[PDB]
Amino acid sequence: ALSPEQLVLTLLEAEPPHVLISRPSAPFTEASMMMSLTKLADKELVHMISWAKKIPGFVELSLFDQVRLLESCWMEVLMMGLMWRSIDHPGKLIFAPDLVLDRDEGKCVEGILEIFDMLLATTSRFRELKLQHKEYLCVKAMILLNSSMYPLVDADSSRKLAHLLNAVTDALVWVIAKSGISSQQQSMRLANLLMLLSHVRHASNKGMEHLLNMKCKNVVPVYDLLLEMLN
Amino acid sequence: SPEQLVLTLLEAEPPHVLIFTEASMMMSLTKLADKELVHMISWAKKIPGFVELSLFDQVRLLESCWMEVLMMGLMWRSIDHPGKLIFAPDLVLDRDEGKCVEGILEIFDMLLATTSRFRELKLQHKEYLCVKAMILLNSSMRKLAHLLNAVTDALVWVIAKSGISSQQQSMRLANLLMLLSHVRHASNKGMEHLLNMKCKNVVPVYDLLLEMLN
Amino acid sequence: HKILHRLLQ
Amino acid sequence: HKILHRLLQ
Ligand SMILES: C[C@]12CC[C@H]3[C@@H](CC=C4C[C@@H](O)CC[C@@]43C)[C@@H]1CC[C@@H]2O
Ligand SMILES: C[C@]12CC[C@H]3[C@@H](CC=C4C[C@@H](O)CC[C@@]43C)[C@@H]1CC[C@@H]2O
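Chains as they are written, first to last, in the entry's author numbering: chain E, 262 to 414, 419 to 496; chain F, 264 to 282, 289 to 410, 424 to 496; chain G, 2 to 10; chain H, 2 to 10.
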């Protein structure tokens, strides 16, 4: 019922506000960097819930589907936003306006350097394709809707998710068509962008494993909303 | 060309591989994976232009994709039998048989769920050949880009030959590639499980599988 | 999921 | 990576 441009513009107005975390005055330790990253993720998780509720048709899903989709996608959605903030800054991860981290700063936390390279490499892939802003809005919405496997054969949830995922796909094809590039380039661009969803999923899985390990080693504490999403 | 490339991918298809306790089931799966890994290298070397890439790129592409490619083949073999995983001609596993290995039941459900979506989408033989080759060339986190462009062009050509509308062609292309994120997800969870099984000394890991695991 | 249910309603 | 290099050459 909503036009592709109307969906893209609705996603634009639904963008969450910037989260203001700051680099601590004391130099970074393994516990302090993990504390800053987890605190940022917890604050961003609040805005993601409000953002997801503004995606057209999301609130029409059952409460079970809403929690299940957000439970499986929250790490991918946060990392996708980080890649967008860092798309024009090679070798740096723009976690926040006042939390800019260099690649070598990942040596402060054991095992996180590999994830930093994964996030930076996928960011470089989006930069090489010159990922436009409106393309980013569609991709990030696709991540939430394509997070939990819902085969058509709750059956109503898989059907609604298919209609929702189809609508955002129509929006993304429309943004790519507005560039005026050839039809062969349009299909190629759609393919290259959507293949990168697997790289975002891969970064999320390794980041999920790392965060669960940091909690197991009692390095970072996990509290409130972030804890619920980890359970 | 798209038509020539699809037929080349068909002839490069690997031969069938001929391989219950928690140790015996893990032994059969790891032995199967090791044999399939040998055939996957031979399969990749038949991809036009793959051997023209540097050895560093050839090794890097196979290192990151081998688990996804094996699982992609498993879902294709099991696409027409819900609740069953056709690991090999002599290795057919039911869903409930995943209860035999600790932690693998969740991965079996993930593989079967993604398989059901490929079944609902009626994944074609020509689409499967392009998608599996795309996984090898794309998984890695100049000649490579030209090769990936050719296989991508082949997939759009296969979908265009289906006669469906241009909007449905873009939707099917999107739906197929969106499922690759779930295949990658299954690959990541399978990676974690295999490393844990090796750490817990449940299954031994040998030769090529060991190298690809490190 | 107390907070998530609350933030969703 | 000996075996992978060998099988590729
Ligand atoms: C989850 C980790 C802490 C949280 C980090 C993640 C890397 C990327 C992001 C996205 C950003 O928006 C919030 C922090 C978040 C979510 C890290 C990888 C390892 C560490 O455990
Ligand atoms: C990796 C595991 C053993 C090997 C299994 C994998 C599930 C699917 C496949 C694909 C098949 O071609 C070979 C076995 C292989 C690769 C399993 C998931 C958990 C277990 O560790």
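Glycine included, every Cβ here is placed at the ideal spot set by N, Cα and C.
Among the residues of its own chain, which have a CB less than 7 Å from the CB of residue i, if the five just before and after it don't count?
i	result
residue 322(F)	425, 426
residue 299(F)	485, 487, 491
residue 359(F)	281, 282
residue 483(F)	none
residue 468(F)	340, 376, 379, 380, 383
residue 473(F)	336
residue 461(E)	383, 386, 387
residue 347(E)	353, 354, 355, 384
Out of the options, point me to the one whose CA is closest to residue i's CA.
i	options	result
residue 434(F)	449(F), 404(F), 448(F)	404(F)
residue 387(E)	495(E), 456(E), 276(E)	456(E)
residue 363(E)	354(E), 406(E), 370(E)	354(E)
residue 288(E)	473(E), 496(E), 431(E), 369(E)	369(E)
residue 458(E)	472(E), 294(E), 392(E)	392(E)
residue 410(F)	352(F), 267(F), 332(F)	332(F)
residue 471(F)	277(E), 471(E), 428(E), 448(E)	471(E)
residue 267(E)	447(E), 277(E), 317(E)	317(E)
residue 367(E)	413(E), 441(E), 446(E), 295(E)	295(E)
residue 9(G)	286(E), 475(E), 390(E), 319(E)	319(E)
Along chain G, which residues have their Cβ under 7 Å away from the Cβ of residue i?
i	result
residue 491(E)	None at all; the shortest Cβ gap to chain G is about 10 Å.
Does any residue of chain H have a CB that is nearer than 8 Å to the CB of residue i?
i	result
residue 310(F)	yes
residue 393(F)	no
residue 280(F)	no
Any C-beta of chain F sitting closer than 8 Å to the C-beta of residue i?
i	result
residue 271(E)	no
residue 388(E)	no
residue 291(E)	no
residue 262(E)	no
residue 438(E)	yes
residue 379(E)	yes
residue 265(E)	no
residue 470(E)	yes
residue 336(E)	no
residue 449(E)	yes
residue 452(E)	yes
For residue i, collect the residues of the same chain with a Cβ closer than 6 Å to its Cβ; drop the 5 residues on either side in sequence, then sort them by chain order.
i	result
residue 439(E)	265
residue 284(E)	360
Which bits of chain H does residue i rub up against, with CB to CB less than 7 Å?
i	result
residue 331(F)	5
Would you tell me roughly how many angstroms separate the C-alpha atoms of residue i and residue j, rounded to the nearest one?
i	j	result
residue 315(E)	residue 399(E)	13 Å
residue 302(F)	residue 279(E)	46 Å
residue 450(F)	residue 357(F)	34 Å
residue 273(E)	residue 407(E)	19 Å
residue 374(F)	residue 397(F)	26 Å
residue 454(E)	residue 463(E)	15 Å
residue 350(E)	residue 385(E)	9 Å
residue 335(F)	residue 443(E)	37 Å
residue 313(F)	residue 432(F)	15 Å
residue 305(E)	residue 465(F)	28 Å
residue 330(F)	residue 394(F)	23 Å
residue 371(F)	residue 291(F)	8 Å
residue 401(E)	residue 452(F)	18 Å
residue 479(E)	residue 495(E)	12 Å
residue 293(E)	residue 421(E)	45 Å
residue 3(G)	residue 311(E)	16 Å
residue 476(E)	residue 276(E)	26 Å
residue 389(E)	residue 271(E)	27 Å
Any Cβ of chain G within less than 8 Å of the Cβ of residue i?
i	result
residue 328(E)	yes
residue 401(E)	no
residue 246(E)	Chain E is shown only over 262 to 496; residue 246(E) falls outside these bounds and no answer can be derived.
Using a cut-off of 9 Å between C-beta atoms, extract the partners of residue i located in chain G.
i	result
residue 324(E)	6, 9, 10
residue 314(E)	8, 9
Can you check whether the C-beta of residue i is within less than 8 Å of a C-beta belonging to chain E?
i	result
residue 455(F)	yes
residue 466(F)	yes
residue 299(F)	no
residue 432(F)	no
residue 382(F)	yes
residue 478(F)	no
residue 460(F)	yes
residue 435(F)	yes
Within a Cβ cutoff of 8 Å, which residues of the same chain sit near residue i, ignoring the five residues on either side of it in sequence?
i	result
residue 344(F)	380, 383, 384, 387, 465
residue 339(E)	302, 305, 306, 309
residue 430(F)	403, 406, 407
residue 419(E)	323, 325, 326
Check the Cβ of residue i against every Cβ in chain F and list those closer than 7 Å, keeping chain order.
i	result
residue 483(E)	The premise fails here: residue 483(E) is roughly 21 Å from chain F at the closest Cβ pair, so nothing lies under 7 Å.
residue 414(E)	385, 389
Taking Cβ-Cβ distances shorter than 8 Å, what residues in chain E pair up with residue i?
i	result
residue 407(F)	460, 463
Mind listing the chain F neighbours of residue i? Cutoff is C-beta to C-beta under 8 Å, in chain order.
i	result
residue 410(E)	379, 382, 383, 386, 464
Which chain E residues sit within Cβ distance under 7 Å of residue i?
i	result
residue 474(F)	474
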